[PDB]
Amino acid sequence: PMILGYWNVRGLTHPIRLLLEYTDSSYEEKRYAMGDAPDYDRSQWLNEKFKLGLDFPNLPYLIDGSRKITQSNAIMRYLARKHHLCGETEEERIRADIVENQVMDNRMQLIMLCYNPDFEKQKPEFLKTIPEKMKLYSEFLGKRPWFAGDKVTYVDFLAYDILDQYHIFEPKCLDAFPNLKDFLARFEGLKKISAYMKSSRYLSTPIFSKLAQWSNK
């Protein structure tokens, strides 16, 4: 099968995993793992970083046959194209482009705070920043089944995961937004997702590496 390479954690690859499962893809993984304190070895990835034929070597990577892909989003779009999970209208398309990109921004923000040396102090500030992010998501989604509109598409995977980690981080975070609440629920109800969540392949935590300041085991 296809080979998904990434680190020993959730990080930014959950959407890929989920989607491979949703699509009935055949794949196996390679989960490199860093060593502990105090170096945090990377040797397992390093030794073959420039040995895999990847154009711009990085984690995660997807090896599908003769196709070698890097960049989380490109991976997502490749698999999206392979299975007809892209938006099919320009509106669906525009919505998807947007979600795709807002997701990473919100992701980068969570990540910045989780690696911040002064996590404790700047944070309650972050928490008060939440509601408003959620607010954007609720209103964008609206009355809609899925983020692009009437069709499940790959952004629904991106969306589900960040909404989840945000929710993981601030449990009440969704209380103000029902429809949001409903979406995870509806997402979790997709074909193979439920099985997958209960499976031995599921990797829900840690979201981050040891080093972190939050979500590190």
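Just count from 1 along the sequence shown to find any residue number. Here, rigid core means the biggest group of C-alpha atoms that superpose within 1.5 Å across both forms.
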Judged by RMS Cα deviation after a rigid core fit in 4 other deposited structures of this protein, the more variable of 115 to 123 and 91 to 99 is 115 to 123
Which is farther from the shown form in 4 other deposited structures of this protein in C-alpha RMS with the core fitted, 186 to 194 or 151 to 159? 186 to 194
Using the B-factors recorded in the PDB entry, average over the C-alpha atoms of 104 to 112 and of 72 to 80, then report which stretch comes out higher. 104 to 112
Where do the C-alpha atoms have the higher mean temperature factor in this entry, in 94 to 102 or in 126 to 134? 126 to 134
Residue of maximum C-alpha B factor among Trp45, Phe187, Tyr40, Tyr154, per deposited coordinates: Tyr40
Comparing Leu19 with the other modelled residues of its chain, is its CA B-factor in the lowest, middle or highest third? lowest
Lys30 by Cα B-factor - lowest, middle or highest third of the modelled chain: lowest
Would you check the entry's CA temperature factor for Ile207 and let me know if it's in the chain's lowest, middle or highest third? highest
Where does the C-alpha B-factor of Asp161 rank in its chain, lowest, middle or highest third? lowest
Should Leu59 be placed in the lowest, middle or highest third of its chain by the C-alpha B factor in the entry? lowest
